[PDB]
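Protein sequence lines, in the order shown, are assigned to chains A and B.
To convert a position in the first sequence, counted from 1, into the UniProt record's numbering, add 1.
To convert a position in the second sequence, counted from 1, into the UniProt record's numbering, add 1.
We treat Cβ as the ideally placed atom computed from N, Cα and C, and that holds for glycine.
Okay, structure first, notes after.
There are 2 protein chains.
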Amino acid sequence: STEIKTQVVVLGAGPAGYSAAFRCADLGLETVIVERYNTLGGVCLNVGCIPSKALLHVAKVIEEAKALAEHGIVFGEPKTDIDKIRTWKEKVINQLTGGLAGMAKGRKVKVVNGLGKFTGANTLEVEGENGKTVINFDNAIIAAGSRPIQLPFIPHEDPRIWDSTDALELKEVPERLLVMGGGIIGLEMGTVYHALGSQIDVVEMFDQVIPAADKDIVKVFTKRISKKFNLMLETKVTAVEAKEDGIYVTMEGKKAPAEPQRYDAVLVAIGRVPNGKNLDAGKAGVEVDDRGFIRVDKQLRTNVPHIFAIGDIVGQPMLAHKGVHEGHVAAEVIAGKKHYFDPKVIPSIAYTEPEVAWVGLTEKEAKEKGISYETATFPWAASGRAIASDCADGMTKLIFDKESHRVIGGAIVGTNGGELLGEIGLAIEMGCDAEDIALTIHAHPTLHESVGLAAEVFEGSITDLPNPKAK
Amino acid sequence: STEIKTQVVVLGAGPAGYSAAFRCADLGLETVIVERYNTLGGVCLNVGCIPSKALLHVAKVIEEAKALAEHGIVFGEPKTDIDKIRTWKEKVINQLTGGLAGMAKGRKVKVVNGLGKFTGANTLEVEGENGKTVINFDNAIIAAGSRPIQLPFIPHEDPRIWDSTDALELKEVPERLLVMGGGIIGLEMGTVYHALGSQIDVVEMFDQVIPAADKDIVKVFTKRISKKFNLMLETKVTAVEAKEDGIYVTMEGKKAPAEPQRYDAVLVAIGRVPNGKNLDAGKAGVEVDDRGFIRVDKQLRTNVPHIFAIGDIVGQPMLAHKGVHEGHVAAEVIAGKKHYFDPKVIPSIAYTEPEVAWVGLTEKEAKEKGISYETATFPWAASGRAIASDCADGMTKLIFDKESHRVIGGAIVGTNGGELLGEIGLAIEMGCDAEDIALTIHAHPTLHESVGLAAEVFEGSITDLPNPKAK
Ligand SMILES: Cc1cc2nc3c(=O)[nH]c(=O)nc-3n(C[C@H](O)[C@H](O)[C@H](O)COP(=O)(O)OP(=O)(O)OC[C@H]3O[C@@H](n4cnc5c(N)ncnc54)[C@H](O)[C@@H]3O)c2cc1C
Ligand SMILES: Cc1cc2nc3c(=O)[nH]c(=O)nc-3n(C[C@H](O)[C@H](O)[C@H](O)COP(=O)(O)OP(=O)(O)OC[C@H]3O[C@@H](n4cnc5c(N)ncnc54)[C@H](O)[C@@H]3O)c2cc1C
Ligand SMILES: [Cl-]
Ligand SMILES: [Cl-]
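What follows is the structure in structure tokens.
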């Protein structure tokens, strides 16, 4: 029963949403953000990328410290206080949310807290702390994100059945943990809890973890990870039963045990689904597909031209950077600029150890597309830096169009591997060929020089590896 | 004496030398390498880049392990065995040497061990393990490297007066160590020994460590390091005297103490000089300058057209990657290709913690060149990744031509900062502008996305910082 009139309303304050809102404000538009939770930053900041990366950094340091022992530096076994780790995680998060609130204030962007739902083509109704707020807008930006997949046969109401948020709460270190899903989130959480002392089982229906990534990359990764996790591929969960002494899980498939297994906790990390069906978007005339996605064009417009949608809710890949860039474009289009969201590439990174990172076309995709392509790889066993840094199990891979010589894809498996994507990404966006990359002088000794070296393998000029293109 | 005939003789088996030799072989030329010492890889592999990076990795892990205590993971004080660390260092060197030997064998490149000197324009004489060998060549490639600077008033015959090789031998951990020279090598060794327990003093004649780098970058580094090291800037060593209980060093300048200071060891890391005067190059008609450089053109030719020179011995910067690329060009030119060595940029990295890395023009150089430029920086205090990884003091800086918007230089201070140079390097080589970089989608949350964000700061679209370019 309180009414507001604004130019732009943004539904959701995640990466996509707040980036869109801030861009609108910087472009001189009157902008209001609606968010059901009490802080900004959405899933990414509060229960996603950031806390997971904090805990993963902790895990990495623990394992490195232990790995120093054979080289003459012996730390004891660490004394660990989970409450303190949790407190630190919360500190990084609170620092960042404080930052976002500060920036919203600085850009004079009003934040309305509560559940927003459309009531008309130009009207969004918010139910929150201050009662009901009716927001009349010229433009709306839908950025309401996604949520974890739940399965009907699983008692998701038992506290020992976790999703990613539960896992990131760090309630305890379960003696035995099952991760359902060999995707990125599952493997990352597995990494975290393994470093803390948990015994890790991973169950995955596909024949490979991180299924979109190439076989050769994932092979290095799997070789590394099979020493610490019990990987059960091409296997599925058929039943989950809560009992007093634990969660009993029945599996069927190639690596399934005969008997149901007892776990102290089960992380259900099957995937995520969009929140498009929860907005009464139809009342604004907006089309929502059967899977809950709100599909948009290259200017991020829904079927209703003055209503935009960005981020996870718009489609895959569900990644923060995609949402940020989409938000920027939507804001710019609303401001009247003729901009489009049409990136050649979108990078993906699994912050496991070693990291698995890739951008552009994978070899799988290249073979299905049927274009003449050639791969070039540099093994980290040949890298001075990787050996000197005790991380020789890695590989840098570039994929080239055979005729044009343009780089069309790249991948790294290795410590700090993700940090190498930038160059590759830039290279693809600029339409670089192998010669461009190879002739650029990369610093030695670094991990990223492998990018250059891979290019050299293609050029046939490589001298840090045997050169089969020699004569 | 034994006499042999070859197409190409390469004097020196360092990065430059073996890269040139391997490239010549890959191009179908009969090739012989001459090396006075019994190992391959030269300074870089044996007493330079590789061992220093190994020890620095050890130091970094020790410090991170200690830093976890504040977050709830408490390792004890480490129990350290210096003999075992040294053994590990030696192991990385040996593995890599083995690799190089394997590659030389595979390319059918013969290695003649001994001291090489020119006797004529087409004759090089080697005195070595297999006696004296006379090599008649069509082309020679001089790659005989550099050596540490010594000072006449310093008793360099005392075992407590070190150069970098001594430091890398790791014979003991001196309670108190003086590093003379605030260059990269000195700071790296200071980092290693501080991590091992040494108290570190650094003397530098200039008003900043790493004088070649911009002041703001080094300011960020200096703030981190001034708590761990006693930095004496604008200070000079006037006397060094060996006594029974230690080495007494007298210094003058603003933060130098009045009285001579006692150190258990002194590392002399003032710089390196080329080995050009020690080859009898004059007997081949080759011109050597007064300080020992053998100056060369863009095809790496000396004043004698069939004689080439590459690496440290030809000029600054004395870095491995420069030498490798020069070696490739020299080999290609000898094979009859119209190739040139003329890179737009050559990257530099100090592997301190945080790392200090830069490529292209610094602000000093841009001013000195008279270019109208604009800088754009992203502070790591605003990076989710840097905060979550406990490395928030960093900074990423891009320098753009103000009119063309082309990137002309870049720099990073921060953990893993060096790994970010590749993208920047590539961007400058490709003549990218701020928009090219900004519109490339960088993965979140990473350290390298800062590069993209820095570009956004220039473009005026940044939403992860306040945007003073806003409307
Ligand atoms: C554990 C985990 C790790 C991840 N790791 C990475 C990673 O490393 N890199 C990466 O790029 N991505 C990662 N992701 C995914 C990343 O978090 C998402 O892609 C990103 O958060 C999407 O941003 P968004 O703005 O589209 O949606 P969200 O971040 O989900 O924001 C949507 C916001 O809208 C609010 N909202 C929803 N409905 C309403 C409503 N009706 N009214 C008002 N407010 C509403 C929600 O509360 C939420 O704050 C990870 C995700 C998880 C769960
Ligand atoms: C401690 C330290 C750290 C360093 N860190 C880095 C770094 O991080 N990154 C980087 O890029 N660079 C670094 N450098 C420098 C790098 O090591 C050199 O730039 C590189 O080794 C130069 O290669 P080169 O082939 O030109 O010379 P060298 O590697 O010195 O090779 C010359 C070789 O020729 C031999 N030789 C000399 N005279 C004769 C003769 N008359 N007959 C036969 N053989 C002869 C020598 O024994 C030597 O093996 C570092 C150097 C040091 C000392
Ligand atoms: Cl299932
Ligand atoms: Cl029961």
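Which one or two residues does DSSP pair with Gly-77 (chain A) in a beta bridge?
-> As far as DSSP is concerned, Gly-77 (chain A) takes part in no beta bridge.
Of all residues in the structure, which have a C-beta closer than 5 Å to any heavy atom of ligand 4, taken in chain order?
-> Residues flagged by the Cβ proximity filter: A:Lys-244 and A:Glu-245.
Would you please verify whether the beta carbon of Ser-405 (chain A) is less than 8 Å from any beta carbon of chain B?
-> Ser-405 (chain A) has a beta carbon lying at 8 Å or more from every beta carbon in chain B.
Measure the Cβ-Cβ separation of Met-190 (chain A) and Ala-213 (chain A) and say whether it is below 8 Å.
-> Result no, Cβ atoms of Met-190 (chain A) and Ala-213 (chain A) do not sit closer than 8 Å.
C-beta neighbour in chain A for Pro-348 (chain B), strict 8 Å | Output row for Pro-348 (chain B): interface = yes.
Compute the beta-carbon to beta-carbon distance between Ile-335 (chain A) and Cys-50 (chain A), rounded to the nearest angstrom, for a pair I have assumed lies under 8 Å.
-> The C-beta distance from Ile-335 (chain A) to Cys-50 (chain A) rounds to 26 Å, too long to meet the 8 Å contact threshold.
Beta carbon of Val-238 (chain A): closer than 7 Å to some heavy atom of ligand 3?
-> For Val-238 (chain A), the CB falls within less than 7 Å of some heavy atom of ligand 3.
Take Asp-281 (chain B) as the anchor and find which of B:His-307, B:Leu-69, B:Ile-63 and B:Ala-145 has the nearest alpha-carbon.
-> Of the candidates B:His-307, B:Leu-69, B:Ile-63 and B:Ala-145, the one whose C-alpha sits nearest the C-alpha of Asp-281 (chain B) is B:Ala-145.
Return the residues of the region 291-308 of chain A that lie within a Cβ-Cβ distance of less than 8 Å from chain B, sorted by chain order.
-> When CB distances to chain B are screened at a threshold of 8 Å, not a single residue of the region 291-308 of chain A falls below it.
Proximal residues to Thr-239 (chain A) (C-beta, below 6 Å), its chain only, five neighbours per side dropped = Leaving aside the five residues that flank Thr-239 (chain A) on each side, the residues in its chain whose CB is nearer than 6 Å to its CB run, in chain order, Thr-251 and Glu-253.
Contact set between the region 78-89 of chain A and chain B, restricted to residues whose Cβ is under 9 Å from the partner | Under the 9 Å Cβ criterion, the region 78-89 of chain A contributes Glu-78, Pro-79, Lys-80, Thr-81, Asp-82, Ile-83, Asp-84, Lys-85, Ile-86, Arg-87, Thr-88 and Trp-89.
Chain-ordered chain A contacts of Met-206 (chain B) [CB-CB under 9 Å] = Simply none; closest approach about 26 Å.
Report the residues of the region 459-470 of chain A with a CB closer than 7 Å to any CB of chain B, ordered along the chain.
-> Taking 7 Å as the cut-off between beta carbons, the residues of the region 459-470 of chain A near chain B are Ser-462, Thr-464, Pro-467 and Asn-468, in sequence order.
Kindly indicate if chain A contains any beta-carbon less than 8 Å away from that of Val-44 (chain B).
-> So, not an interface residue.
Whose CA, out of A:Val-10, A:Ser-20, A:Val-11 and A:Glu-4, lies closest to the CA of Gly-324 (chain A)?
-> When A:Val-10, A:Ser-20, A:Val-11 and A:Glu-4 are compared, the shortest CA-CA separation from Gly-324 (chain A) is found for A:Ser-20.
From the DSSP output, in three-state form, read off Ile-142 (chain A) for me.
-> Residue state, collapsed to three classes: strand.
In the DSSP assignment, what residue or residues form a beta bridge with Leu-234 (chain B)?
-> Partner(s): B:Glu-205.
8 Å Cβ cutoff met for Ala-428 (chain A) and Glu-460 (chain A) | With respect to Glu-460 (chain A), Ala-428 (chain A) sits apart: the two C-beta atoms are not nearer than 8 Å.
My guess is that residue 1 (chain B) and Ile-314 (chain B) are in contact by the Cβ rule of under 8 Å, so how many angstroms apart are they, rounded?
-> Only positions 2 to 472 of chain B appear in the structure, and residue 1 (chain B) is not among them; the question remains open.
With 16 as the cutoff for other CB atoms within 10 Å, does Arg-292 (chain B) come out buried or exposed?
-> Counting Cβ neighbours within 10 Å, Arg-292 (chain B) comes out exposed, since fewer than 16 surround it.
Report the partner residues of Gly-410 (chain A) according to the DSSP bridge assignment.
-> DSSP output for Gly-410 (chain A) lists A:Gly-361 and A:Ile-400 as bridge partner(s).
Selection from A:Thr-32, A:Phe-119 and A:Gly-361 that minimises the alpha carbon distance to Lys-345 (chain A) | The shortest C-alpha separation from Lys-345 (chain A) is found at A:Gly-361.
Shortest alpha-carbon distance to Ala-387 (chain B) belongs to which of A:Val-93, A:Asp-215, A:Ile-425 and A:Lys-6?
-> In terms of CA proximity to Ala-387 (chain B), A:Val-93 leads the group A:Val-93, A:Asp-215, A:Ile-425 and A:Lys-6.
Is it buried or exposed for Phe-23 (chain B), if we count other Cβ within 10 angstroms and need 16 for buried?
-> Buried: at least 16 other Cβ atoms inside 10 Å.
List the DSSP bridge partners of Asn-417 (chain A).
-> In DSSP, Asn-417 (chain A) forms no bridge with anything.
Coarse secondary structure for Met-190 (chain A), derived from DSSP in three states = Reduced to three states, the DSSP call for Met-190 (chain A) is helix.
Is the Cβ of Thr-378 (chain A) closer than 8 Å to any Cβ of chain B?
-> Taking Cβ atoms only, chain B never reaches closer than 8 Å to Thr-378 (chain A), which makes this a no.
Examine ligand 3 and report whether any of its heavy atoms sits within less than 7 Å of the Cβ of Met-206 (chain A).
-> Correct: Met-206 (chain A) has its Cβ closer than 7 Å to ligand 3.
Contacting positions in the region 6-37 of chain A - beta carbon closer than 8 Å to chain B | Among the residues of the region 6-37 of chain A, those with a Cβ less than 8 Å away from any Cβ of chain B are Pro-16, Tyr-19, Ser-20, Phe-23, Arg-24, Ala-26, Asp-27, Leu-28 and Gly-29, in the order of the chain.
Have a look at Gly-182 (chain B) and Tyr-341 (chain A) and give me their C-alpha separation to the nearest angstrom.
-> In a straight line, the C-alpha of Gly-182 (chain B) is about 53 Å away from that of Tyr-341 (chain A).
Give a yes or no on whether 8 Å exceeds the smallest Cβ distance from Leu-171 (chain A) to chain B.
-> By this cut-off, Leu-171 (chain A) is not an interface position.
Distance cut-off 7 Å: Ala-144 (chain B) Cβ against heavy atoms of ligand 2 | Yes.
Return the bridge partner residues of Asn-137 (chain B) from the DSSP annotation.
-> Beta bridge pairing from DSSP links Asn-137 (chain B) with B:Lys-6 and B:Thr-124.
Span of the beta strand (DSSP E) holding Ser-462 (chain B)?
-> It is not in any beta strand (DSSP E) - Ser-462 (chain B) carries neither H nor E in the DSSP assignment.
Flag this pair as yes or no: are the beta carbons of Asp-246 (chain B) and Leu-178 (chain B) separated by less than 8 Å?
-> Taking 8 Å as the cut-off, the beta carbon of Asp-246 (chain B) is found no closer than this to the beta carbon of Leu-178 (chain B).
State the Cα-Cα distance for the pair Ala-196 (chain A) and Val-62 (chain A), rounded to the nearest angstrom.
-> Approximately 9 Å, taken between the alpha carbons.
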